[PDB]
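Structure first, commentary second.
Each value in this text was obtained by applying a stated rule to the coordinates, not by laboratory testing. Cβ coordinates were reconstructed from backbone atoms using ideal geometry, including for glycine residues, and neighbour counts include every protein chain displayed.
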Amino acid sequence: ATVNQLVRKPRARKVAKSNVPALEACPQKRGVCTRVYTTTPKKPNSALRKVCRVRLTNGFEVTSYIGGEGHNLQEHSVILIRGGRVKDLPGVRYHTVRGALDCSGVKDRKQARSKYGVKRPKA
Amino acid sequence: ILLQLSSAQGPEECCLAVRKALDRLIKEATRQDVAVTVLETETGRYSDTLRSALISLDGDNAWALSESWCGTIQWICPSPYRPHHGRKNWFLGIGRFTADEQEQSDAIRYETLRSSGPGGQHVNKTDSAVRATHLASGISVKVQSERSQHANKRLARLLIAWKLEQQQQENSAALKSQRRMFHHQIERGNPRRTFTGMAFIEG
Amino acid sequence: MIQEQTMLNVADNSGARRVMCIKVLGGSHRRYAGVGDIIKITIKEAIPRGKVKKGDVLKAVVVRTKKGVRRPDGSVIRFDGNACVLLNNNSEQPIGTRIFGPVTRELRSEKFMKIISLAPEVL
RNA sequence: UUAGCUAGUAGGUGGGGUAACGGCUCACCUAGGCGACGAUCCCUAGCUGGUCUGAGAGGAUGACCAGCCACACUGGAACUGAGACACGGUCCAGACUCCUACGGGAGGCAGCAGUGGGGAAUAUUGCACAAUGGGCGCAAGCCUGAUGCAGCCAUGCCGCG
RNA sequence: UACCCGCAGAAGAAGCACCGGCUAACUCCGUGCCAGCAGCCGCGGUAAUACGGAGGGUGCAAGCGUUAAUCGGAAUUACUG
RNA sequence: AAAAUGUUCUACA
Ligand SMILES: [Mg+2]
Ligand SMILES: [Mg+2]
Ligand SMILES: [Mg+2]
Ligand SMILES: [Mg+2]
Ligand SMILES: [Mg+2]
Ligand SMILES: [Mg+2]
Ligand SMILES: [Mg+2]
Ligand SMILES: [Mg+2]
Ligand SMILES: [Mg+2]
Ligand SMILES: [Mg+2]
Ligand SMILES: [Mg+2]
Ligand SMILES: [Mg+2]
Ligand SMILES: [Mg+2]
Ligand SMILES: [Mg+2]
Ligand SMILES: [Mg+2]
Ligand SMILES: [Mg+2]
Ligand SMILES: [Mg+2]
Ligand SMILES: [Mg+2]
Ligand SMILES: [Mg+2]
Ligand SMILES: [Mg+2]
Ligand SMILES: [Mg+2]
Ligand SMILES: [Mg+2]
Ligand SMILES: [Mg+2]
Ligand SMILES: [Mg+2]
Ligand SMILES: [Mg+2]
Ligand SMILES: [Mg+2]
């Protein structure tokens with residue numbers, strides 16, 4: 001607080017760590033689904049959340065969320081992950097990008113399509 | 001063939017569901033000419049509820065039945081044990097295991113040699129230890145805990161018997177471990193089949 | 001003139017620096033391997049990132065000996081040390097892609113023509 | 001949670017050396033020099049004008065454009081020269097690629113395009129020296145992937161439909 | 001080439017996100033703690049403005065969302081403070 | 001004097 005104290009040892013800034021470290025400050029990373037499975041959300045939610053254990057090009061082995069209804073992902077599927085935590089699944093800090101490199105778009109979806117990789121339906 | 005009806009980690013309603021799905025599978029096997037026999041049967045808090053069940057089937061039609069039932073069984077019923085619980089999707093697991101083993105034949109083969117840790121002239125020279133080997137097993141013992149060949153050979157017979165008995169025991173114990181681990185790998189989601197109501201009314 | 005326990009240098013770039021002959025192949029009670037002879041080796045020393053690893057058991061062809069080789073005119077060619085080329089157990093083709101130091105004409109045979117071609121100099 | 005570091009080290013004399021001062025170097029002498037006002041060591045990093053943000057103070061940052069530095073396959077070295085220890089010079093060594101008659105040779109896109117690879121991701125193997133600038137030349141002119149342009153991309157800003 | 005002039009004809013040219021609170025914009029249907037959503041608070045277990053579709057609406061618009069990243073909000077390292 | 005534990009989510013601007 002004293003000016004002398006600050007001169008001797010200045011205000012040390014709080015270092016902030018990333019909550020998406022496996023992206024290594026990249027908007028997305030390509031990875032391979034080492035396995036595709038379902039898990040249970042923590043309290044108070046209830047579902048099978050669909051997740052993929054994915055090995056990225058940068059070596060990280062992370063768990064990613066597979067959003068939307070239904071997916072075609074299997075093992076050895078090459079997907080993009082974009083980051084963004086799924087709150088009620090602990091330890092799931094990345095989302096799979098729907099419509100990227102192996103992951104299909106969500107079938108028969110009509111609104112918020114760009115969020116799920118769905119082409120504009122034609123009439 | 002050797003299905004395992006389990007309520008995974010689900011509550012007394014999942015146990016009741018295991019008891020009702022077991023009955024439903026009984027009825028389907030009977031109408032489809034398959035016989036069902038309970039082998040291991042663990043119950044929940046209530047006697048009519050089934051914590052788990054082990055089932056033996058029979059025939060080629062048994063495979064079709066096991067394929068129609070293996071997976072997650074979902075029961076849509078409001079709890080009869082908790083009045084206004086809210087959860088109504090008790091999930092089961094049905095999974096075949098095939099805990100089968102063959103009784104490898106008594107084809108022991110004996111080779112009698114000197115003993116290790118001799119202690120004496122007549123011992124240094126006599127051949128009294130008996131090394132027994134079970135053919136088509138891989139079990140080789142060496143008994144030398146007696147003064148004479150013949151006692152060692154008899155102990156070697158008993159010890160081959162006992163080592164096959166263990167081989168049986170670790171085999172059955174690994175099946176035990178697999179069967180409980182089934183109780184933790186039951187995804188309480190995508191149901192192979194869904195039954196509703198208090199009377200399992202559909203399939 | 002190589003026997004069991006003999007340490008050879010490695011005339012290729014497979015990664016090994018030192019190997020030990022653990023078997024002279026091709027005959028019961030066979031004592032020595034000269035140049036051109038296939039020996040069984042265990043790798044005692046290897047570079048950190050090479051095709052072969054320390055403790056690997058594989059084959060090798062002796063290419064230089066300190067005992068030397070005799071020629072039909074009675075001449076002898078000796079080398080300052082013993083050296084071998086690592087070979088695959090089954091194919092008996094060299095593992096490395098580069099042959100270091102000179103080799104000799106006794107390798108001129110369809111089994112090791114690849115070694116002969118890759119060698120910088122053939123005495 | 002690196003506290004001690006330093007022997008050409010610090011200084012002096014003299015000789016040598018440099019375009020020039022100088023431990024720059026050498027010989028000898030002295031025993032110093034740096035360090036809590038952080039030396040040494042470790043990790044990270046081109047620096048700046050600036051850029052973004054912020055009311056500001058600050059925080060973050062250094063892509064483009066411009067100044068400076070450094071590097072030119074890796075490690076060294078000098079030569080030539082006003083200027084280099086020199087991207088498209090030399091010599092040596094090394095790794096890699098290639099040629100070979102096996103003796104021995106060749107090469108270096110971090111120039112512009114382009115290819116493969118890596119990657120979430122970043123473009124054409126374009127036109128022209130007409131302009132500006134540069135080298136050489138008395139000049140004409142030649143050369144100039146600088147540059148001017150054009151191609152591709154909503155990548156951004158702005159305008160319009 | 002810019003630019004100008006003439007010709008034809010509305011022709012050739014609108015999407016993206018959102019609509020429980022924060023935060024501008026609400027209803028119906030489907031679904032029934034499932035499927036799913038989610039930045040946080042939280043939604044969903046039959047009357048869901050929160051899921052998915054539709055109608056409507058809101059915000060932006062040749063862009064719109066998401067992700068990453070920095071600062072801000074954070075007086076949350078405070079010299080200002 | 002001695003007296004341990006307790007099931008579950010719970011609705012209502
Ligand atoms: Mg929407
Ligand atoms: Mg005794
Ligand atoms: Mg005797
Ligand atoms: Mg001087
Ligand atoms: Mg650097
Ligand atoms: Mg402020
Ligand atoms: Mg390079
Ligand atoms: Mg060099
Ligand atoms: Mg000169
Ligand atoms: Mg330089
Ligand atoms: Mg070049
Ligand atoms: Mg290039
Ligand atoms: Mg490429
Ligand atoms: Mg690639
Ligand atoms: Mg192209
Ligand atoms: Mg010109
Ligand atoms: Mg030219
Ligand atoms: Mg544009
Ligand atoms: Mg509102
Ligand atoms: Mg939504
Ligand atoms: Mg309800
Ligand atoms: Mg409804
Ligand atoms: Mg909403
Ligand atoms: Mg911030
Ligand atoms: Mg601040
Ligand atoms: Mg207790």
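General observations
- Annotation: the residues A:46, C:117, sorted from fewest to most other C-beta atoms within 10 Å of their own C-beta, follow the order C:117, A:46.
- The ranking of C:7, B:198 by Cβ neighbour count inside 10 Å, starting from the fewest, reads B:198, C:7.
- Straight-distance candidates among the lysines for linking to residue A:107, with alpha-carbon spacing under 22 Å and chain neighbours fewer than 8 residues away dropped: A:50, A:115, A:119, A:122.
- Sites residue A:87 and residue B:136, calculated FRET efficiency, Cβ-Cβ separation with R0 60 Å, nearest 0.05: 0.55
- Separation of the residue C:97 and residue C:70 label points, Cα + 7 Å toward Cβ, nm: 4.1
- Working from label points 7 Å from Cα in the Cα-to-Cβ sense, the residue B:56 to residue A:5 distance is 8.0 nm.
- Value of D in µm² per second that Stokes-Einstein yields for chain B, Kirkwood Rh from Cα pairs, at 20 °C (1.002 mPa s): 105
- Projecting the Cα atoms of B:66, B:26, B:122 onto the charge dipole of chain B, computed from C-beta unit charges around the Cα centre, puts B:122 farthest toward the positive end.
- For chain A, a simple Cβ point-charge model (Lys and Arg +1, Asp and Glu -1, everything else neutral) yields a dipole of about 580 debye relative to the Cα centre.
- With neighbours defined as other Cβ atoms within 10 Å of a residue's Cβ, the residues A:65, B:81 order from fewest to most as B:81, A:65.
- Pairs beyond 30 Å (Cα-Cα), from A:29/A:87; A:17/C:51; C:23/C:67: A:17/C:51
- Cα gyration tensor category, rounded, prolate or oblate, for the protein assembly as shown with a/c compared to 1.5: oblate
- Separation between Cα centres of region B:187-202 and region C:1-30, rounded to whole Å: 69
- Neighbourhood net charge (11 Å Cβ-Cβ; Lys/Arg +1, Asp/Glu -1) for residue C:96: +2
- Each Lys and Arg adds +1 at its Cβ and each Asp and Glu adds -1 at its Cβ; summed about the Cα centre, chain B shows a dipole of about 660 debye.
- Charge tally in the Cβ shell below 9 Å around residue B:74, where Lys, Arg are +1 and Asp, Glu are -1, residue B:74 excluded: +3
- Dipole magnitude of the protein assembly as shown, debye to nearest 20 (Cβ charges: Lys/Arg +1, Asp/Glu -1, about Cα centre): 2920
- Per-pair calculated FRET efficiency, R0 = 41 Å: residue B:172 and residue B:151 via Cβ, rounded to 0.05: 0.85
- One equal scatterer on each Cα of chain A, no solvent, Debye formula: the resulting log10 I(q)/I(0) at q = 0.11, 0.12, 0.17, 0.19 Å⁻¹ is -0.45, -0.51, -0.85, -1.02.
- Efficiency of FRET between residue A:40 and residue A:12 - r from beta-carbon atoms, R0 41 angstrom, step 0.05: 0.50
- The H on the amide N of residue C:10, modeled in the peptide plane, is under 5 Å from the matching H of C:84, each at least 5 residues off or on a different chain.
- Acute angle (nearest 10 degrees) that the helix B:12-31 long axis makes with the longest principal axis of chain B, alpha-carbon atoms: 80
- Taking the protein assembly as shown as a whole, the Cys residues whose C-beta sits 4.7 Å or farther from every other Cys C-beta are A:26, A:103, B:14, B:15, B:70, B:77, C:21, C:84.
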